[PDB]
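Ideal geometry is used to build each Cβ from the backbone, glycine not excepted, and the neighbour counts take in all protein chains shown. All of the numbers you see were taken from the coordinates with simple rules; none came from a lab.
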Amino acid sequence: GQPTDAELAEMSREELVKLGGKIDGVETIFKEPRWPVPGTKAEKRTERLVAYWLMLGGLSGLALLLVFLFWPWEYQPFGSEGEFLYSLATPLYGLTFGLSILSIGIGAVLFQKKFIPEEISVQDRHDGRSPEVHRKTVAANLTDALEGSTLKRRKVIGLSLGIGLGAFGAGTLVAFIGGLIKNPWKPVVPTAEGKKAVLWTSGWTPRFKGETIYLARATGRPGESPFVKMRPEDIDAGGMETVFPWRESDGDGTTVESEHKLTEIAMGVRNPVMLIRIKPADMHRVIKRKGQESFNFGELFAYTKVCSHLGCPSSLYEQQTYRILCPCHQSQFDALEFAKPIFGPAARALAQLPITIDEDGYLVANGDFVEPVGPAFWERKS
Amino acid sequence: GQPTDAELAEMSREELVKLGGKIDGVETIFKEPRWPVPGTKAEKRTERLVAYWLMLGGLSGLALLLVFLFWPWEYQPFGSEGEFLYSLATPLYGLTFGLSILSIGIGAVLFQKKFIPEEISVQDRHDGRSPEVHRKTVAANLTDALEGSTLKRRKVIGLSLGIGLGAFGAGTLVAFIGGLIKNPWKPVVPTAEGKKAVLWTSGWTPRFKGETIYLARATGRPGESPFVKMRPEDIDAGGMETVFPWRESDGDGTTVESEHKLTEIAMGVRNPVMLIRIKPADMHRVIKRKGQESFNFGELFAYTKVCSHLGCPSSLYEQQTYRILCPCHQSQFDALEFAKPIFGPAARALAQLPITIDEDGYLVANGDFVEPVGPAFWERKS
Amino acid sequence: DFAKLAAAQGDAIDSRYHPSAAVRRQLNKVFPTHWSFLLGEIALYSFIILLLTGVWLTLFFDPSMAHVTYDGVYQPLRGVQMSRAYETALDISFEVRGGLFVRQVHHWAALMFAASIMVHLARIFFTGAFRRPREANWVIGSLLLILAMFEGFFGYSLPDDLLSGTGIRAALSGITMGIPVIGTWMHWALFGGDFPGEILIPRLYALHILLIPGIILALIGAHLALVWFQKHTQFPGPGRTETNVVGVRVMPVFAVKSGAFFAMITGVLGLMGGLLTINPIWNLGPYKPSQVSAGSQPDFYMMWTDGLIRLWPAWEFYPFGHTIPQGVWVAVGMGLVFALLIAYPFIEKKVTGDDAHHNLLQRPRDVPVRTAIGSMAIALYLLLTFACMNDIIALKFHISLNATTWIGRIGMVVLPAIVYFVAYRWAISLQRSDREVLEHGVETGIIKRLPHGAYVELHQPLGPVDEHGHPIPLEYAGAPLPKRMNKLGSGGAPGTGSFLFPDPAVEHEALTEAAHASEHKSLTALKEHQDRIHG
Amino acid sequence: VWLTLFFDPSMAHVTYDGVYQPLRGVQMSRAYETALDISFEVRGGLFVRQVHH
Amino acid sequence: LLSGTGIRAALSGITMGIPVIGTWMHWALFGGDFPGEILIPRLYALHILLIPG
Ligand SMILES: CC(C)=CCC/C(C)=C/CC/C(C)=C/CC/C(C)=C/CC/C(C)=C/CC/C(C)=C/CC/C(C)=C/CC/C(C)=C/CC/C(C)=C/CC1=C(C)C(=O)c2ccccc2C1=O
Ligand SMILES: CC(C)=CCC/C(C)=C\CC/C(C)=C/CC/C(C)=C/CC/C(C)=C/CC/C(C)=C/CC/C(C)=C/CC/C(C)=C/CC/C(C)=C\CC1=C(C)C(=O)c2ccccc2C1=O
Ligand SMILES: CCCCCCCCCCCCCCCC(=O)O[C@H](COC(=O)CCCCCCC[C@@H](C)CCCCCCCCC)COP(=O)(O)O[C@H]1[C@H](O)[C@H](O)[C@H](O)[C@@H](O)[C@@H]1O
Ligand SMILES: CCCCCCCCCCCCCCCC(=O)O[C@H](COC(=O)CCCCCCC[C@@H](C)CCCCCCCCC)COP(=O)(O)O[C@H]1[C@H](O)[C@H](O)[C@H](O)[C@@H](O)[C@@H]1O
Ligand code: HEM
Ligand code: HEM
Ligand SMILES: CCc1nc2ccc(Cl)cn2c1C(=O)NCc1ccc(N2CCC(c3ccc(OC(F)(F)F)cc3)CC2)cc1
Ligand SMILES: CCc1nc2ccc(Cl)cn2c1C(=O)NCc1ccc(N2CCC(c3ccc(OC(F)(F)F)cc3)CC2)cc1
Ligand code: FES
Ligand code: FES
């Protein structure tokens, strides 16, 4: 029960370790060397094994250095000799690096499990309710800080400080957030009937009265003429085509002014539409919506690709069953009937785009979606 | 001397504060209330003053909220009515926010200088050389961990661990960095004399033999035809114009293929040159550079704008003194004599571009710079 | 003279500083040596790897939606418009040496981060590690899991990609804009406009490299601080009580094994990053709103959300001029999940009424109701996760997609109930197995009794034996029992020579005697510590 | 952190086409365009980046 | 313009000037010559995440 002012001089390493454990409440019970019998060749085997794992880690690290420094990396076009070497460049990087560090870890674990002495140290856990002296001292300190500061007696400062902090925090959080807050219903998109909010319009919204919005096919040419006029005979019975609202003004993508109108059409989240040529024999199975009984040009039905549920494209098309499937959440809409969901999460039918053909026989939108075309939101169906 | 097991119940708040200070070695000397005399109206007025500062902070925070919500912010074009309101929108935001928080802080400082009791607490500083018991116990713990671990006795394991860690670290650092390392002297820029490293070339390097690189002026038109061929008559005695290496293929920016070549010309660090028309009366004063005696076309001299010191543009030009001045570090080159630095940090002359006039009388480079044109580097002047 | 140099450096440190007491206290801290307690470490280790990889990727990634043509090395995507973010992801994959490896190991480390967090949560929950001290550590831990899931989402959402782009379109856009009061407002604040808004990817980059990683780092620091200073809980055992920690001290053993485990885990991660391909974005064309694939799945840690949406029966509501899209449901469901996860320990202590300070873990079998609840929750999570794969499951395992959807729909109510019943009865049966081991003892080979034909299992008692053959029954003490004579001192003296050749009989005898005596000394020390603790 | 919610680091050349008239149709890096947007397009953005600097 | 010319002077010129590895450091920092298209994103990473950390 004394701090060992001078006894520490003669204390051995074990004695001082025990003294430290006693100070911390940590009792080391059964600390024993892993190799009590000296000279045994099992110890030598174990030491060589640990060193072997470490050496394997080191050789693998050297191999990582060499392969990273000297290996035919770099993408090799398909079919080019040396592509095989590239295909296993990253695999060798990972193989060598992981093998090196894994072998180092294995050697460390083996050293821990076979050389570092085994201990069953037990510690004094003092969890919960610090001794009453400390609790009373802490409470007294905090209460003295509070009451002595004379607060809860200066009701005027008590209220004014709170009002100041409340007003300042309100203003500061308002200043933080107001930069982000944007009105979803600010009329920004021009329309034939005046500027409208973005969600009320897509690329098919007529920017001008009698605007010719062609159902242009998206030929994936690299940059030039990405959108091309389309004609009814192009799609044959039981065929689907993704079409976009291309204008005469939005000419091919050669010009710098163009190539961005076209890019805007491509990036138009609600722009894409799927035009499906219903098989003639199946036209007697078609069912039409209120106000959409003439949206189909003969056997051509244009339905938005944007799924009505969370707004993924509904690209998948099944003919001989006429099912528009959305791959995000596996929702089937019935194409014969107005594109109403016959299975899956979706509960609203796809918006049908009116269509017809203008002079020269090109397919052109006969109007705009009579309802908003994306996934539903709070301000919808009114 | 004793933990006060049951006395803590009878100890007062001040007694417990003293006990806590004693435990921590903190002696609170001269802790007294700031207002010992009760009922004095000086106390009331200081209370009012602190409350006034806090309420001013609160009113300022409310003003910040109100101005941020409702104020004519948003850029107003110069001259438009309401531009004045915008010009002090951000000033009002900052003014209100700063007054709010500053006044709250002022009120807090005044509260702690007027009401929080004044203390001259003194603490026991136990810094340096923790007691001998702790030092020897730590030493024993660490030495037992080391020696007991049996290291410094398995030379093979220690050496293998060192080798493995070193090899793995080398490989991993090489893997990290090799992504960054790029050979600056990889021949990437095509040239009439074969692919060359970037620093050996600029927009004036002839991509093919006999290539006509026009000294095109950079008219700041919004996108279209930013570069137009140039004629000697355009520059008048004592006149400087920045010119760029415009090729025939790098046509106007009308198309998408162009407007990217032109962007490359504009963003070429070493591409810009300055063409200066030396006054005829000053012509006799011109001193030429060996190997650059015919680079001037009559009284027209093309010198790189890029400073020979750290590669800033040397845009400033002084006629009647013929001083090409670089403003990054105020370096003066003599334009009359070959553009050699006559003041400032620069020590190498600006590279002179050969020039002449082609068919139709347009100014075209008569060849590439005889030397690299940017700021100097290690592999230069050989 | 490394010894002299070390002594001098220690003296200098302890003269400028005075940490000897603190250094000793942290060097002597005892941590239990149970394997399950390393589970959480995995996550931490993986987290570190992510940081180390993440930094590397921040030097090469350009977040943006600036439309650009690739004009790079990868021929199959050349002249195709795409975001600068996708271009730089492709350049990392192809144009930067090891960049493909680095980003693959980054994604694998994200997956391991998620999986190890999930397994660690399973451990804490089934063992009751959250029950009184450490209830906050559960809350701060549950908030780490949510942040990790969202961080991974923003991560693979970061390189603008067809798969990740359609994932953003579904979740962040549709669900956000479905929320009734402020759905559109939240959507426009997040995207700065409509879905493909030109500010999305830079904002996600800010959220994913700095903001969410920073919050996760702070929460992990708090978590480890609490574990360190709320001494780690332990399983019931011989010398283990509510008021101690039995294990190994930090420095000599725990620190070395923890470092070796970090090395081994990073080796596993590197091996996966090399040999296994994760997220081949070059195959995933640049995001185009009109393009999509059949798979269209998020990383596993988020698939459950998608699965929920797939299995929710397309229920919407249409108030006066408004509509609550079915997507809203998943958000609400998500809330509930987190709402029921962060606030579990409090529900447990409300129902059970068990607010006592528990430092000893309890085996999952010892708490059949909580084990059943956790099994039911895991079953629901697995059902949702595999429902998110119902497309691929139907494709590979030929099952009609509608059949898979309806299997998930019926299951998300039936399978949890079956799993709860099975897990409850299983926990009770495990308890009965332990009780019968205590009553009778371990089992062994069979013997035919001498006079008659009786066959007896030839048990082996674990405690004092009564005057006759049968032993006094032992009382369950909350610790695992030996159900195999395997794991006692039975048939455990193989040749110590080598795998190929023997060692001299003297050396084998000495080694085996030393190990045998060492095991006695360990068991005896535990027994005396037990007796001193209790009595 | 606030600035990180509105800044797009890149040299992708773009025409401003924003509110600030004296820079319209002028090629600028996306980073400069977003700095201009913070200054002019986002409420308090000029104030926030100003107090940041 | 101001910050760009500051980058040009300091980073580009001085790094290129360093004798042994100066050009190599310049090409690593910019991923190429001065107007390298990976400078500003790298500075963003260094400035919002690495150096503040
Ligand atoms: C929403 C929902 C739950 C829908 C139900 C559909 C569903 C999950 C059906 C189960 C799938 C199975 C097991 C099909 C086999 C036929 C069948 C149903 C037999 C009866 C089932 C039964 C109880 C049999 C008794 C014995 C028994 C348990 C047999 C199970 C046989 C199996 C498949 C065991 C392994 C479990 C397993 C790995 C299932 C697939 C799970 C997933 C998501 C794999 C993902 C995965 C895929 C899909 C790859 O294509 C791939 C390609 C290359 C590398 C890696 C992978 C990869 O990891
Ligand atoms: C192409 C390319 C770029 C490739 C590179 C891949 C890439 C981008 C990144 C990964 C590359 C790298 C750098 C991999 C290696 C990472 C690394 C440093 C590994 C070190 C492991 C190693 C080699 C060990 C050798 C064996 C040995 C002698 C071990 C003992 C000495 C060591 C290393 C001790 C380390 C201890 C350690 C891991 C401390 C972590 C520090 C932290 C954050 C927490 C500590 C901590 C832990 C670990 C707890 O478990 C815990 C549990 C309960 C309460 C509190 C705590 C607590 O505070
Ligand atoms: C107690 C707080 C009291 C304040 C209530 C806040 C809301 C009241 C709004 C009512 C006035 C509306 C007319 C004037 C306003 C108006 O017309 O703007 C609207 C958007 O309202 C704004 O101004 C910004 C709103 C300010 C942020 C509010 C944050 C919510 C509050 C409730 C949370 C903090 C308060 C403390 C409580 C929490 C305590 C924490 C425990 C629409 O935006 P828009 O038409 O596109 O213009 C865009 C510009 O606003 C936009 O700043 C700019 O970024 C551009 O993007 C621009 O497009
Ligand atoms: C102790 C380490 C021992 C190894 C020494 C490392 C230096 C030896 C280089 C020998 C290889 C030269 C011939 C084959 C290779 C070759 O020609 O590549 C050259 C560039 O060498 C490379 O491979 C990448 C270099 C590797 C990083 C080395 C970093 C320096 C070391 C010394 C520092 C860490 C080591 C640990 C010491 C510190 C310990 C800390 C205590 C040129 O680039 P380039 O032709 O453009 O190709 C580019 C592709 O490299 C590039 O990865 C890719 O990103 C593209 O840039 C591509 O353009
Ligand atoms: C904290 C937990 C984190 C998780 C779960 C996580 C997860 C992910 C994942 C799954 C990816 C996908 C990468 C790909 O598929 O190529 C990713 C991307 C990325 N991460 Fe993180 N990450 C974390 C932390 C960090 C940190 C701390 C940083 C930076 C220090 C970072 C930087 C990046 C970058 C730059 C990318 C995009 C690079 C690319 O995809 O090519 N991440 N993250
Ligand atoms: C830690 C010390 C820091 C210093 C000395 C510092 C300094 C600066 C300065 C002077 C600017 C110029 C702003 C302007 O002229 O408009 C700037 C820009 C910026 N800073 Fe930092 N900053 C620090 C920390 C941070 C942190 C922690 C972040 C992110 C959390 C950050 C994010 C940004 C961003 C995004 C910009 C560019 C936005 C803009 O210019 O409008 N900075 N920084
Ligand atoms: C959608 C399913 C899906 N299909 C595919 C297809 C392909 C691919 Cl690749 C991926 N997927 C996924 C997908 O990955 N889904 C992950 C996901 C789900 C929801 C959220 N949500 C968080 C809460 C937000 C929210 C709501 C309420 C709030 O209110 C509060 F908390 F009070 F403030 C705050 C935020 C909405 C978005 C995120 C990711
Ligand atoms: C140049 C002056 C200037 N003129 C103008 C004009 C206009 C404007 Cl707006 C601004 N300016 C500035 C300017 O702002 N200057 C700041 C500055 C300068 C140098 C560096 N240096 C980092 C280290 C590099 C280095 C050095 C040693 C190395 O070796 C090592 F360390 F061992 F790896 C590696 C790299 C050199 C550049 C940074 C900022
Ligand atoms: S995203 Fe189309 S069904 Fe859900
Ligand atoms: S930058 Fe031109 S004198 Fe230094």
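Assorted remarks:
- Residue in the range C:110-126 that is facing another protein chain (nearest Cβ under 7 Å) and either within 16 Å of ligand 7 (Cβ to nearest atom) or assigned to a loop (DSSP other than H, G, I, E, B) (or both) present: no
- Qualifying residue in the range B:31-42 (condition: surrounded by fewer than 16 Cβ atoms within 10 Å (Cβ to Cβ), touching a residue at least 40 places away in the same chain (Cβ under 8 Å) and not basic (K, R)): yes
- Filter result (of a type outside the set (A, V, I, L, M, F, W, C) and surrounded by fewer than 20 Cβ atoms within 10 Å (Cβ to Cβ)) within the range C:344-362: C:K349, C:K350, C:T352, C:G353, C:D354, C:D355, C:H357, C:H358, C:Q362
- Residues within the range C:244-260 that are crowded, with 18+ Cβ neighbours inside 10 Å and either within 9 Å of chain A (Cβ to nearest Cβ) or closer than 30 Å to C:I92 by Cα (or both), tallied: 11
- Evaluating C:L211 against the criteria (1) within 14 Å of chain D (Cβ to nearest Cβ); (2) within 14 Å of ligand 5 (Cβ to nearest atom); (3) in contact (Cβ under 8 Å) with a residue 40 or more places away in the chain leaves one unmet condition, (3).
- Of B:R217, B:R153, B:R207, all but one fail to be of a type outside the set (G, A, S), more than 7 Å from every other protein chain (Cβ to nearest Cβ) and under 30 Å from E:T23 (Cβ atoms); the exception is B:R207.
- Residues of the range C:161-172 include at least one that is surrounded by 24 or more Cβ atoms within 10 Å (Cβ to Cβ), in contact with a helix residue (DSSP H, G or I) (Cβ under 8 Å, 6 or more places away or on another chain) and assigned to a loop (DSSP other than H, G, I, E, B).
- Considering residues of the range C:78-108 that are surrounded by fewer than 20 Cβ atoms within 10 Å (Cβ to Cβ) and assigned to a loop (DSSP other than H, G, I, E, B) only, the residue farthest from ligand 10 (Cβ to nearest atom): C:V80
- Unique residue being within 15 Å of ligand 4 (Cβ to nearest atom), surrounded by fewer than 17 Cβ atoms within 10 Å (Cβ to Cβ) and over 24 Å from D:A12 (Cβ atoms) when the list is E:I21, E:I14: E:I21
- As a summary of the residue check, C:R16 satisfies the conditions (1) within 16 Å of ligand 2 (Cβ to nearest atom); (2) charged (D, E, K, R); (3) free of Cβ contacts under 8 Å to residues at least 12 places away in the same chain except for the one numbered (1).
- Residue match in the range A:61-75 (condition: within 21 Å of C:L77 (Cα to Cα), surrounded by 15 or more Cβ atoms within 10 Å (Cβ to Cβ) and either in contact with a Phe, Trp or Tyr (Cβ under 8 Å, 6 or more places away or on another chain) or in contact (Cβ under 8 Å) with a residue 60 or more places away in the chain (or both)): yes
- Output for the range B:246-304, where each listed residue is assigned to a strand (DSSP E or B) and hydrophobic (A, V, I, L, M, F, W, C): B:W246, B:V273, B:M274, B:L275, B:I276, B:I287, B:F297, B:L300, B:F301, B:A302
- B:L102 meets each of the listed conditions (1) more than 32 Å from the chain's Cα centre (by Cα); (2) closer than 30 Å to A:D144 by Cα apart from (1).
- Residue among E:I7, E:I40 that alone is more than 16 Å from ligand 5 (Cβ to nearest atom), part of a helix (DSSP H, G or I) and among the β-branched types (V, I, T): E:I7
- Selection count where residues are within 12 Å of the chain's Cα centre (by Cα) and either within 7 Å of another protein chain (Cβ to nearest Cβ) or hydroxyl-bearing (S, T, Y) (or both), scope the range D:16-42: 11
- Residue within the range C:47-59 that is in contact with an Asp or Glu (Cβ under 7 Å, 6 or more places away or on another chain), within 19 Å of D:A31 (Cα to Cα) and either not in a helix (DSSP H, G or I) or not β-branched (V, I, T) (or both) present: no
- Residues satisfying the stated conditions in the range B:141-171, i.e. in contact with a helix residue (DSSP H, G or I) (Cβ under 9 Å, 6 or more places away or on another chain), in a helix (DSSP H, G or I) and either farther than 30 Å from A:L69 by Cα or within 16 Å of ligand 8 (Cβ to nearest atom) (or both): B:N141, B:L142, B:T143, B:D144, B:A145, B:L146, B:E147, B:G148
- Residue that is farthest from C:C388 (Cα to Cα), among those in the range A:338-382 that are β-branched (V, I, T) and assigned to a loop (DSSP other than H, G, I, E, B): A:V370
- The listed residue being facing chain A (nearest Cβ under 10 Å), assigned to a helix (DSSP H, G or I) and either more than 30 Å from C:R84 (Cα to Cα) or within 16 Å of ligand 3 (Cβ to nearest atom) (or both), out of C:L219, C:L190: C:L190
- Scanning the range C:269-326 for residues that are of a type in the set (A, V, I, L, M), buried (at least 19 other Cβ atoms within 10 Å of the Cβ) and within 9 Å of chain A (Cβ to nearest Cβ) yields a total of 7.
- Some residue of the range B:323-331 being away from every other protein chain (no Cβ under 14 Å), farther than 25 Å from E:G4 by Cβ and among the charged types (D, E, K, R): no
- From B:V174, B:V138, B:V198, residue being closer than 30 Å to A:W73 by Cβ, more than 7 Å from chain A (Cβ to nearest Cβ) and away from ligand 8 (no atom under 16 Å from the Cβ): B:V198
- Checking B:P206, B:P226, B:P232 one by one, the residue that is in contact (Cβ under 8 Å) with a residue 60 or more places away in the chain and touching a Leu at 6+ places or on another chain (Cβ under 8 Å) is B:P232 and no other.
- Identity of the residue in the range C:13-37, among the β-branched types (V, I, T) and not in a helix (DSSP H, G or I), that ends up farthest from ligand 5 (Cβ to nearest atom): C:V30
- So A:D127, is it in a helix (DSSP H, G or I) and either facing another protein chain (nearest Cβ under 7 Å) or among the β-branched types (V, I, T) (or both): no
- Yes/no for C:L224 being within 16 Å of ligand 5 (Cβ to nearest atom), free of Cβ contacts under 8 Å to residues at least 40 places away in the same chain and under 32 Å from the mean Cα position of the chain (by Cα): no
- Residues of the range C:369-407 that turn out to be surrounded by 19 or more Cβ atoms within 10 Å (Cβ to Cβ) and closer than 15 Å to C:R425 by Cα, as a count: 7
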